[PDB]
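Below you'll find only one chain, the form deposited in one PDB entry, shown as structure tokens.
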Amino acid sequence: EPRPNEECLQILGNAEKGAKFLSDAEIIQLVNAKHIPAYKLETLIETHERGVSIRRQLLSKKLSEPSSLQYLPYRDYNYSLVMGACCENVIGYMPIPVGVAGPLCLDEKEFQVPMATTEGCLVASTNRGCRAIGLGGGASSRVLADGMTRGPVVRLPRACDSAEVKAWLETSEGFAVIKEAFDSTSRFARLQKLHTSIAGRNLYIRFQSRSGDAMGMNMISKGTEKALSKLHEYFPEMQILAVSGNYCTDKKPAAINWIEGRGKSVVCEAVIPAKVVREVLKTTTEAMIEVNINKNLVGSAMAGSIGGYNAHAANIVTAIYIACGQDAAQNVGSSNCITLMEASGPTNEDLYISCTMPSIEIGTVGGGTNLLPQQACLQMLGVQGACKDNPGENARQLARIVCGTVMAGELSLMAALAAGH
């Protein structure tokens, strides 16, 4: 019954028929005969999963092994929340095993932390650290700063002019004018002190603001564009070269994030009694400190590290981020961490530990946190979506949990390194 191209095409152009009245083979025949662009399937096909299905069938016949997608799942997933929002040219989804570490005893609460990973022993090891913390009387944490950033680059005709623009942005009245434009774009937009850097006739401007419970890239970028249109009214010779001049800095290693912070800056701490260090972690405080000093400080220093003074913060950050619908590529900077270990108590046998993470780039609204499975892991922690009565409290609480879980991970791994084998 597969009809000729010309007949299939009239059915397609017929608005009370459409693709729903053609078979997969007929649509594919139309695509291979160059009557439909391979990507405009998503508009023509009236169901999301069939769109995916036909794209897979088309993709398959181009591969060296036609059956390579057999075990890539696609059926019965909620593509409604993904198409035109989270992903394109969708051919399925990738299941990432989710484990749980906890309870994490943090700020007199208890958290069951979801961790999506394929690295064996990471969840178990993280769970052991949680245990040491819990029996040690818990951890305490504080958010020290909060504000996503965007660092556009603009160019003036001369460096004397860029200098003029910088000095102008630093006057109370010049800043206030830029602040008004930025803050007008959203209810959470609240431009903080500006940070600028001249390189010749370039000027890098680092816009920073809270963003409620959203991670904030989009909002900040909208506030930035409006802020710059306003600056351009005062300086019409200014050229806006790029809305991002890598001065943010987003998803690249950069000392500015380490020193100034980006997103949430957090510190977490705990004192593990000697007894717990022995029974849970199978070592002594002395051996843990000797390793922390010579690995996480001296080792990282010999390797030429900026911000990597920790054992495996990235493991925890990455696992939580994938689980909780974060942007996993932001683990580059969000993993920044210095882990400190000191002797405590009357005989120096208790272990004071802290982790400091100045650039946790996190959110509980928007992006991947819109998807229901990701929301389940957020609900687990009690941080899903916006916080009505105290905006930001859910993103802040998630950042504290990330730092606290990183600390658990540091305890366990460092203990294992200290003992051996």
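Take the two forms, find the largest set of C-alpha atoms that superpose within 1.5 Å, and that set is the rigid core. Residue numbers here begin at 1 and follow the sequence given.
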| item | value |
| --- | --- |
| Other entries omitting residue 20, at least a third | no |
| 91-99 or 171-179, whichever carries the higher mean Cα B-factor | 171-179 |
| Between 50-58 and 351-359 (mean CA B-factor, as deposited), the higher | 50-58 |
| Most elevated Cα B-factor in the entry, residues 190, 251, 312, 262 | 190 |
| Chain-wide C-alpha B factor ranking for residue 118, given as lowest, middle or highest third | lowest |
| Among modelled residues of the same chain, the CA temperature factor third for residue 416 | lowest |
| Chain thirds of CA B-factor: placement of residue 336 | lowest |
| Chain thirds of CA B-factor: placement of residue 237 | highest |
| CA B-factor placement of residue 327, once the chain's modelled residues are sorted into thirds | lowest |
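What comes next is about the form deposited in another entry, which is not displayed.
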| item | value |
| --- | --- |
| Sole residue of 38, 376, 59, 69 shifting 2 angstroms or more in CA between this form and the one not shown, core aligned | 38 |
